[PDB]
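[1] once you've seen the sequence and the experimental structure below, I've got questions.
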Amino acid sequence: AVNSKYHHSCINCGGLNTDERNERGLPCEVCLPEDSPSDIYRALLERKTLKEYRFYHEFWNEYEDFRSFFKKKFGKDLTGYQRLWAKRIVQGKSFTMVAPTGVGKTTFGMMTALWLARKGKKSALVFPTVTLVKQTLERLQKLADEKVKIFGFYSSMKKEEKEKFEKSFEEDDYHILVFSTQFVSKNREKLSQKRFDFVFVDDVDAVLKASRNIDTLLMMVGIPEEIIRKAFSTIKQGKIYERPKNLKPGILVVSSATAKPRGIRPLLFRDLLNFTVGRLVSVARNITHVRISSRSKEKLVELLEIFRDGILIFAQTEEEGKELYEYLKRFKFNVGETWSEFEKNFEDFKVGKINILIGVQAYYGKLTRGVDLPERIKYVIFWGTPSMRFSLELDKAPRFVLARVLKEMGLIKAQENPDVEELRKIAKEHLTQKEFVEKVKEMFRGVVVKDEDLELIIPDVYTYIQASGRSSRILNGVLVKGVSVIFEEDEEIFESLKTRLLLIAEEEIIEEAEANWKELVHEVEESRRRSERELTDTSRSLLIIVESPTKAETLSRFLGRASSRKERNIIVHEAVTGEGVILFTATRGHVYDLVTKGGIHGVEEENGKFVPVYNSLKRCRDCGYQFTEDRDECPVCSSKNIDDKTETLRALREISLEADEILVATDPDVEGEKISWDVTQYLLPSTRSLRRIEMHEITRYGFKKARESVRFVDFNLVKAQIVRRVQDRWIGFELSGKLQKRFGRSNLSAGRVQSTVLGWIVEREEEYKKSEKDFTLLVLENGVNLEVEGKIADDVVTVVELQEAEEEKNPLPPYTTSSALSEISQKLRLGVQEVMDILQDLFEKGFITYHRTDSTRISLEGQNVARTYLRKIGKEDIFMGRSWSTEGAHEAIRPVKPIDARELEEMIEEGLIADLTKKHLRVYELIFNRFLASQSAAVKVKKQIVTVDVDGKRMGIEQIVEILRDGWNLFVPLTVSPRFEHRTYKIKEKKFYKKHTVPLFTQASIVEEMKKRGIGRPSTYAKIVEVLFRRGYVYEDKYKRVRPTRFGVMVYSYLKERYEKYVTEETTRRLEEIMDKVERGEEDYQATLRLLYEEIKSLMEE
Ligand SMILES: [Zn+2]
Ligand SMILES: [Zn+2]
């Protein structure tokens, strides 16, 4: 409902269609003239136009055929997982089965094989054991009819059944063949021969013990080994491989990797059949973590009494675990150890004879590789934090400590050296062992440094997450709740565990007094038995579409990348949720853009209203040029290796068919809303289940809270974006074209705002040179320096009036985009564009809120982040609750997690979090300190206002003298000027000089200025400054100040002399304000476009 036009948007003819028609899910006016047909298919047919809309009809029919068949020759309706797998099965696709514990993969395999046998297509079912084969064939024979032809083979075979199998295999008289992995290994040739239209593998790792079996599988679905070798030759080289454009493969469906999918051969499945076979990962965790202040066995016995059945104790050493077992053996609890009688105690605990099992870390970790039954374990008890300890003596040298400390201290060399080498190097320069330890204390932050026993303790957070994760999984539908209890007295180790757990899993560990045990147990058991009612059908498939690959990686990092479909142009990850399956993919940028072909530079004019015409975007991966026109080579470097976006759209359409509900998670500004509307509009004639998300963080919390306020696409944001872009295209092209006649170059003016800023910078030079006054600086005895007007020579300052007061200095509000860009690019020696890239890299990596904001407002959650950090840091006295603003489009720039820069450094150097450079950490530090200083207590200060007399002139100075009560003073430092007595102060030196009273522009002051003047947006600032820079209108001198170039001065002079009315501030501000009003739906859209046109209509005449 924006009345625009998209170029590859017709679903039937594959051509161009309008906004209003794809919104109504219709083909173009050419394919179907009338507005309301009773049925698109038969209408397209009745007008000899039906073309690619056939595929969708055929799809839905031959899907619900599968559905009705499954419902008939089996129980009832499909579950979500089966619904998705079915929708992928009719399109002949291959994929691993992303699902949790026993959802009926074998059932789906049998049913699909049977349904395919109903056509003439032949399938093959592969199983890990030679016993499950028999069970499968049994459950199959009675399930089939007279029609189907099923067989099989194993080790304990019959007499004539063997030769029955061989003979029926010799001349293709089958539809279904059910054999073991043993058969795939042994009879490799026979399988390499045939071509199956369906290959089902129940156990992936059972077959992955031999590359021969991978190659055999690929040669089973119908791939020649020559292609296979020519792909192996590519993946071994490093890069990824594209397959033949029109090659028909068979269907391969497998389970998940029970273990580690090691090797490089598996990658073939990603390049030949377009699916990844990763290990099944589940971040689906519903757990309450509770900590108990000490290892008191009374508390242990009480808890054991409350939990009763399903308890698991983890000890650190085998000795204290032994002692613990000894203690618990006296209290008639049914406890079993794992260090002597293992299999008996495990297979007892597996059934229910034993109620409490005690294991050591490594023991259980390695010996559980067999089974690991989750339905029994409900409570996990830790007798001490699962940690990793290192020696802090000179010898017994840990390499990373030595590396860090030496790199900071004296003999820093390269990036890495041998262990004993660093040992011998630090055996020299260090002061003492004690000084070494102190250096480790100062340097290392985020770990525990026992300088008493010389021990470096680092909480094994991964171990803790697996072990804790034993108490909560997806069982028969419901994410059953669990309880993890830690007995840790060392407060530091607890703090470390808390921040690491909060970082990686976003999970709070609560204290004992805040935990109501009976309630927790009730929860646990209630959900547990609730997972037995067998409704097991809330399963849905979800699709989240984002425009940046980075958001996708950091989405996989908390949703859990299981498999990855190489879908055409894009890559789509799937994961397991509590409510089914989730699919998330990246767009890798914009999709459409204003074509430059027709009308007014692209915007056509029909029916008295303007209509933007969009076309798919193409980026050259070789040079970098972006273009709209549909061509074979790059219109700059003539390369065929171009990345198209219409491909991305086709992929998104097929994916759209395969899912249940679609959410579009583009960023929460106008730009994101446009990419959103392009996508939804293009997808709408495919599925009616599309909505918008607006994530303000990339975290589980951001995801959830954004899904809470899920809505449909807001059109005023779209209209605003379109008006903006149309202005930039119009004034841009026009002025650029006027300058093409005076300077020769064809790519100059990029808009009005850019030329306004150039106006400021260029006009600045003369007023900077102008207002250069002469000053003198005098430093006083028992006083600071003092800058006053020049030529004074009585050599004495006389205090006239004196007054002192006590005042509470509030802190500065949190960084908005302007504040952030300005003060960060000022403090660090960085340009605004690099700072913007950093902020974006921090937001998309889930470390801060939205970096594009014009509001200092902060949520109660953010305040609570401030409080949890102040509480952790030991200074929660100075916490304050300032929300700063009521009016806020978004929220200010704050961190999402109460973790400082140093702690993050530790996490990086260690290996928890990844992909952050020193600059990222510095910027994050700045945002952190700013935000905390915001939410910290006002500093109580004693300040004075001295009226001094110099050369008969009365000058007033005003200085903060005493900090009588601390506050945000610990984050953003505050200085004190020495006290001024009411006497005469002699002048020590009268330094006569001069500085210019109107300073030039830096990049920071440019952003600050166009913020003050209302000339720009949080998304335009750094784009503007960098536009001026890279297009050679501005240079940065020795003091990193912004000065105009000769080119710039000439250009702006031409602009001012010919077109001043169209470029000066007040017009840019008026249009900015007007467009803002358009965004809120206060100002008409077509009317403001009309305004822009009418004012461009006169620029064409000048
Ligand atoms: Zn059409
Ligand atoms: Zn190119």
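    Right, received. Where do you want to start? Numbering: from 1, shown residues only. Ligands and ions are numbered 1, 2, ... in the order given.
[2] what sits against residue 346?
    336, 338, 357, 367 (Cβ atoms under 8 Å, 6 or more residues apart in numbering). Every residue, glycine included, has its C-beta placed from N, CA and C.
[3] counting neighbours, what do you get for the second one?
    Spelled out, that is residue 338. By the criterion of other Cβ atoms under 10 Å, residue 338 has 22 neighbours.
[4] I figured it hits residue 345, correct?
    Yes - under the criterion of Cβ atoms under 8 Å, residue 338 is in contact with residue 345, at a separation of 6.5 Å.
[5] which residues do those two both contact?
    Contacts common to residue 338 and residue 345, judged by Cβ under 8 Å, 6+ apart, are residue 357.
[6] looking at the contacts of residue 346, which are in helices?
    Residues of those located in helices (DSSP state H): residue 367.
[7] which of the contacts of residue 346 sits closest to ligand 2?
    Using Cβ to the ion, residue 367 is the member of the contacts of residue 346 that lies nearest ligand 2, at 57.4 Å.
[8] give the contact list for the residue lying farthest from the centre of the chain.
    Going by Cα atoms, centre = their mean, the residue of the chain most distant from its centre is residue 794, 66.0 Å out. Contact analysis of residue 794 by Cβ under 8 Å, 6+ apart lists 950, 951.
[9] could you pick out the residues of the protein near ligand 2 for me?
    Contact residues (Cβ under 5 Å from the ion) of the chain with ligand 2: 620, 622, 623, 625, 634, 636, 637, 639.
[10] and the gap between the residue of the chain found nearest ligand 1 and residue 32?
    Across the chain, the shortest distance to ligand 1 (Cβ to the ion) belongs to residue 13, at 2.8 Å. Separation of residue 13 from residue 32 (Cβ to Cβ, to the nearest Å): 10 Å.
[11] with neighbour numbers in mind, choose between the two.
    residue 32 (22 against 18).
[12] how far is stretch 271-289 from where the chain is centred?
    How far stretch 271-289 lies from its chain's middle: 16 Å, per Cα atoms, centre = their mean, to the nearest Å.
[13] what comes up buried for it?
    271-278, 280-289 (16 or more other Cβ atoms under 10 Å).
[14] quick check: next helix or strand after the helix or strand encompassing residue 495?
    Following DSSP states H and E, one finds residue 495 within helix 491-505. Counting by DSSP H and E, the next helix or strand C-terminal to helix 491-505 is strand 509-511.
[15] list the contacts of that following strand.
    288, 289, 290, 291, 293, 486, 494, 497, 498, 501.
[16] doesn't the residue farthest from the centre of the chain belong to a helix?
    No - with DSSP: H, G, I helix; E, B strand; the rest coil as the criterion, residue 794 is assigned coil and is not in a helix.
[17] go through the longest helix along the chain and flag the buried ones.
    When the chain is parsed with DSSP H, its longest helix is helix 715-739. Buried positions in helix 715-739, judged by neighbour count with 16+ other Cβ under 10 Å: 716-736, 738-739.
[18] one step back: in TSV: the contacts of strand 509-511, plus distance to residue 906.
    Supplementary listing: these in TSV, determined by distance: Cβ to Cβ, whole Å:
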residue	distance to residue 906
288	27
289	22
290	26
291	21
293	25
486	21
494	16
497	14
498	14
501	15
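[19] walk me through the domains of this protein.
    Domain segmentation of the chain under curated CATH domains yields 1-36+591-643, 37-278, 279-386+461-539, 387-460, 540-590+644-714, 715-769+999-1102, 770-812+935-998, 813-934.
[20] just to revisit the earlier point, dump the residue contacts of the residue of the chain closest to ligand 1.
    27, 28, 30, 31, 49, 51, 52.
[21] give me the three-state assignment for the first one.
    This means residue 27. Going by three-state DSSP: residue 27 is coil.
[22] can you pull the contacts of it?
    So residue 27 contacts 10, 11, 12, 13, 17, 21, 40, 44, 49, 53, 685 (Cβ under 8 Å, 6+ apart).
[23] for it, which non-adjacent residue is closest in space?
    Spatial nearest neighbour of residue 27, excluding adjacent residues (Cβ to Cβ, 6 or more residues apart in numbering): residue 12 at 4.2 Å.
[24] next, count neighbours for the one you found.
    Residue 12 has 24 nearby residues by other Cβ under 10 Å.
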